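K.L.:
Pasting a structure below so you can have a look.
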Ligand SMILES: *[C@@H]1O[C@H](CO)[C@@H](O[C@@H]2O[C@H](CO)[C@@H](O)[C@H](O)[C@H]2NC(C)=O)[C@H](O)[C@H]1NC(C)=O
Ligand SMILES: *[C@@H]1O[C@H](CO)[C@@H](O[C@@H]2O[C@H](CO)[C@@H](O)[C@H](O)[C@H]2NC(C)=O)[C@H](O)[C@H]1NC(C)=O
Ligand SMILES: *[C@@H]1O[C@H](CO)[C@@H](O[C@@H]2O[C@H](CO)[C@@H](O)[C@H](O)[C@H]2NC(C)=O)[C@H](O)[C@H]1NC(C)=O
Ligand SMILES: *[C@@H]1O[C@H](CO)[C@@H](O[C@@H]2O[C@H](CO)[C@@H](O)[C@H](O)[C@H]2NC(C)=O)[C@H](O)[C@H]1NC(C)=O
Ligand SMILES: *[C@@H]1O[C@H](CO)[C@@H](O[C@@H]2O[C@H](CO)[C@@H](O)[C@H](O)[C@H]2NC(C)=O)[C@H](O)[C@H]1NC(C)=O
Ligand SMILES: *[C@@H]1O[C@H](CO)[C@@H](O[C@@H]2O[C@H](CO)[C@@H](O)[C@H](O)[C@H]2NC(C)=O)[C@H](O)[C@H]1NC(C)=O
Ligand SMILES: *[C@@H]1O[C@H](CO)[C@@H](O[C@@H]2O[C@H](CO)[C@@H](O)[C@H](O)[C@H]2NC(C)=O)[C@H](O)[C@H]1NC(C)=O
Ligand SMILES: *[C@@H]1O[C@H](CO)[C@@H](O)[C@H](O)[C@H]1NC(C)=O
Ligand SMILES: *[C@@H]1O[C@H](CO)[C@@H](O)[C@H](O)[C@H]1NC(C)=O
């Protein structure tokens, strides 16, 4: 509102404690974002590792396991996803968890569910050969475990074909990740209009406060600065309210995602 | 120290890695010994012994009891316009008259909120049709629910745990309205639910 | 009883409500650009023509403050309603019956639950079953006998080194293999892992 | 030249053309000016804060 001006700060002082509330709301939003990430990804304690030898009954997980060649230890699909999608008093704060830590959590979860089955979600991980785990899952859905032990080869073949096909479809068709891009675009547009609103007269004689200070007598400079102050404060309030609504919706989405990871990854629903 | 979040003065960088006490950012945080800043440690490291002809079967078991706290309601409040902004001034009321019907919308919103709170409590707790009562003689196969069942000796008719919980936790035109359901009624619902699930199992649902 | 600060959610909900109400009542003592924050002094100093202007300034400022308070209350009420719906669903599923969705109520295989009241909420006591004291054995997917393949009706084959046994999945309990707890399906020349016995 | 502002002045290589006087980047923020007595393309940068 003021841009480091003593007179503007003094005038804003007599408008009550709006700014403490605004800053509190924004800080709450930031902490809420951090909690969302933490509670959706931090769901295990031990950081499991895949064995050096990979014989998963003929199945091939090379597309999804981390690649030691790259520094980030990200999977092929994770790299494809990352490549697929792209001051005046405002600041951006870095997230608490870095990308490498998130990748490490994902790798730990996947190794745990790929070696011990669903047992690692309740107590301590207990090893089980992968074919036996698949037989258990077929028994769960309502098919006797004879079918898997008699069609293992074909099952593995079409599983590999499907994973390759989804990799190719993701690589080719760029228009695949729409929701994340929409969220980013909405945030960027909100920031753009918020910063563009600073260039309005709001009924005053100029849109820049420095010229008003350096050109005009204080006694009505209070009037002009009051016009500027009320306009900018109203715009800021609107922006804060919109941010609160969007953050609430994002929190609901994060809760759904956490439930899905807990129910479908750690067990068969 | 120089971090992706900025610069830090007053703490000593270390090359260890412990749990995260006071999160700072960019995957690093600080703690007290002196004050030291380090990199977050995601947790312990282990490699499960996978093979293609070896499994692990448990031989014993434990029974665990955990808590889970959930808020269900908040206080019901109401606010009057003319008492708040005007403070019993005729001219203030006359001036406010021409500002349209904002105050009707405000009062409507507050009343809706209060009704919503009452509905929330009622739908959360009133899950039963009859109040069941445990028999005076209690031989539950060796299990002991004394700390959980209500104690008739206390005037409040609350259990030990409920008393612990209740003891532990702590005008200018605005008013606070009492909730529709009193504490004793809520305790009665809880006791009915708990006796029904102890004796009848899940069949009473 | 001993450890405190275990009920942070209810406490800081109460604190949020109290803080909002307190700042709302505090907001009454600001000039908002007028000559004073006390009504009568403005009234009993000036003539009406600008007294009304000052009154208008006070009125509008107090109006935005009240509007902001109401909006914040609405947001908080929506959040609390979502929490209450979750609590009602948990009470319906994990108290009146045994739940199967993993990690919905408690960590481990859920058994049953108890409700307890709170000043503005509920407390669930979840009872769960957690295995321990594991042992490592050699296994196999099927058994060859007379050229036929045998699979367990419900269980898994293990061996402590000799003679093989069938057991249930979640608790060690070996039993001699019999035609009563195993079933046959075809000849054993296609399964990968058959063991002679 | 009557334009008041606080910042740090750095030599800029922006290629003005003989009729402009001062440029800007976005949202009406004077980003570079031309001094009257030397005709030099400077660069305005806000002082550090955070
Ligand atoms: C699992 O899949 C990967 C990739 O689909 C296989 O790696 C391929 O191996 C062949 C033979 O060496 C090469 O010609 C390809 O160029 C490799 N692909 C890539 C992307 O590097 C891997 O062989 C598969 N696993 C098994 C056991 O066959
Ligand atoms: C599980 O079976 C293994 C079979 O080797 C037992 O030995 C462990 O083997 C893994 C694989 O190299 C090692 O990482 C462990 O250190 C071995 N254990 C010990 C105590 O040295 C193992 O004892 C069995 N039980 C458990 C709980 O792992
Ligand atoms: C399963 O675990 C329980 C609990 O640790 C064991 O019960 C204990 O057994 C020891 C030795 O017999 C006694 O000294 C303890 O007093 C027992 N505790 C309780 C609470 O009864 C039990 O022995 C274990 N069973 C197996 C087969 O390992
Ligand atoms: C159920 O647990 C309660 C826990 O308080 C037991 O009550 C205690 O019992 C012991 C042994 O009789 C007494 O020394 C204590 O004074 C009792 N405490 C209280 C607060 O009364 C109760 O006995 C247990 N029930 C059974 C059947 O064992
Ligand atoms: C595996 O378990 C079986 C079942 O108990 C063991 O067989 C018995 O072992 C005891 C101890 O030597 C003998 O006294 C019994 O005569 C055995 N039973 C039979 C029917 O022969 C077997 O020894 C165990 N093997 C290992 C390696 O632990
Ligand atoms: C389990 O894995 C082991 C080793 O990975 C397999 O042992 C191999 O068996 C084949 C079949 O005769 C031999 O040709 C190899 O020489 C063996 N390898 C070693 C290192 O001994 C075993 O077949 C696998 N069992 C399965 C897949 O059921
Ligand atoms: C399980 O038993 C069968 C029959 O006793 C074995 O099959 C024999 O295998 C030998 C060696 O390959 C052949 O010379 C015979 O002609 C086979 N006979 C039949 C009827 O198939 C089989 O090898 C045994 N499996 C194991 C792992 O020992
Ligand atoms: C930590 O390790 C780095 C090398 O990565 C080394 O330069 C440094 O001296 C070590 N100690 C501290 C306190 O940073
Ligand atoms: C202005 O006069 C000074 C004094 O000699 C000289 O150094 C400078 O180059 C002059 N600038 C212009 C634009 O005439």
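A short reminder: the numbers here are calculations on the coordinates, not readings from a lab. A quick note on method: Cβ atoms are made from the backbone with ideal geometry, for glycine too, and the neighbour counts reach across all protein chains shown.
K.L.:
Could you work out the mean count of beta carbons from other protein chains within 10 Å of each residue's beta carbon in C:156-164? Numbers along the way, then the final one.
P.N.:
Details: counts 6, 2, 3, 0, 0, 0, 0, 0, 0.
Across the residues of C:156-164, the mean count of other-chain Cβ atoms within 10 Å is 1.
K.L.:
Which shape class applies to chain C: rounded if a/c is under 1.5, otherwise prolate when a/b exceeds b/c and oblate if not, where a ≥ b ≥ c are the square roots of the Cα gyration tensor eigenvalues? If you can, show how the numbers build up before the last one.
P.N.:
Details: a/c = 5.73, a/b = 4.22, b/c = 1.36.
Prolate is the answer for chain C, as a/c is 1.5 or above and a/b outweighs b/c.
K.L.:
Residue A:20 label point, 7 Å along Cα→Cβ, cut-off 20 Å on backbone N: hits in the stretch C:1-33?
P.N.:
Under cut-off, by backbone N: C:12-33.
K.L.:
Return C:150, C:145 ranked ascending by Cβ neighbour count within 10 Å, so the fewest neighbours appear first. Write out the running numbers ahead of the final one.
P.N.:
Numbers: C:150 22, C:145 15.
Placing the least packed residue first, the sequence is C:145, C:150.
K.L.:
Just C:43, C:96, C:111 to compare: in a GNM of chain C, with alpha carbon springs under 10 Å, which one fluctuates most?
P.N.:
So, out of C:43, C:96, C:111, the one fluctuating most is C:43.
K.L.:
Here's a follow-up. Which whole-angstrom value gives the distance between the alpha carbon centres of the stretch B:118-134 and the stretch A:175-221?
P.N.:
53
K.L.:
What whole number of Å gives the distance from the Cα centroid of the stretch B:62-106 to the Cα centroid of the stretch C:112-136?
P.N.:
38
K.L.:
Please compute, for peptide A:145-158, the average count of beta-carbon atoms on other protein chains lying within 10 Å of each residue's beta-carbon.
P.N.:
Numbers: counts 5, 8, 1, 2, 12, 5, 1, 5, 2, 0, 0, 0, 0, 0.
Per residue, the number of nearby Cβ atoms from other chains is 3 on average.
K.L.:
Spin-label point model (7 Å from Cα, Cβ direction): what's the residue A:82 to residue B:151 distance in nm?
P.N.:
Distance between the two pseudo-spin positions: 5.9 nm.
K.L.:
For the stretch B:1-127, what does the alpha-carbon gyration tensor say about shape, rounded, prolate or oblate, given a ≥ b ≥ c as the root eigenvalues, a/c under 1.5 as rounded, and a/b over b/c as prolate?
P.N.:
Judged from the Cα gyration tensor, the stretch B:1-127 comes out oblate (a/c at least 1.5, b/c at or above a/b).
K.L.:
Sorted by packing (mean other beta-carbon atoms within 10 Å per residue), highest first, where do A:12-21, B:61-70 land?
P.N.:
Values: A:12-21: 15.7, B:61-70: 14.0.
Highest mean packing first, the order is A:12-21, B:61-70.
K.L.:
I've got another one for you. Pull up the DSSP beta bridges for the protein assembly as shown and report the antiparallel fraction as a percent, rounded to 5. Could you put the intermediate results ahead of the total?
P.N.:
Numbers: 61 of 66 bridges.
Taking every DSSP beta bridge within the protein assembly as shown, about 90 percent pair in antiparallel fashion.
K.L.:
Can you give me the C-alpha center-to-center distance between the stretch B:147-187 and the stretch C:1-54, rounded to a whole angstrom?
P.N.:
If you average the Cα positions of each part, the centres end up 31 Å apart.
K.L.:
What residue among C:53, C:102, C:127 shows peak mean-square fluctuation when chain C is described by a Gaussian network model with Cα springs under 10 Å?
P.N.:
Looking only at C:53, C:102, C:127, the largest GNM fluctuation is found for C:53.
K.L.:
For the protein assembly as shown, just say rounded, prolate or oblate: build the C-alpha gyration tensor, square-root its eigenvalues into a ≥ b ≥ c, call rounded for a/c under 1.5, and beyond that prolate if a/b exceeds b/c, oblate if not.
P.N.:
Numbers: a/c = 2.90, a/b = 1.50, b/c = 1.93.
Since a/c reaches 1.5 but b/c is at least a/b, the shape of the protein assembly as shown is classed as oblate.
K.L.:
I would also like to ask the following. Sort A:136-145, B:9-18, B:189-198 by packing, meaning the average of other beta carbons within 10 Å per residue, with the highest value first.
P.N.:
The packing order, highest mean first, is B:189-198, A:136-145, B:9-18.
K.L.:
Something else: For the ranges D:19-30, C:166-177, what's the packing order if you count other beta-carbon atoms within 10 Å of each residue, average per peptide, and put the highest first?
P.N.:
Working: D:19-30: 11.7, C:166-177: 14.8.
Listed from highest to lowest mean packing, they are C:166-177, D:19-30.
K.L.:
For peptide B:105-116, what's the mean number of Cβ atoms from other chains within 10 Å of each residue's Cβ?
P.N.:
Mean inter-chain Cβ contacts per residue within 10 Å come to 3.
K.L.:
Please report the antiparallel percentage of the DSSP beta bridges confined to the stretch C:121-197, to the nearest 5. Write down the numbers at each step before the final one.
P.N.:
Details: 14 of 16 bridges.
Just about 90 percent of them are antiparallel.
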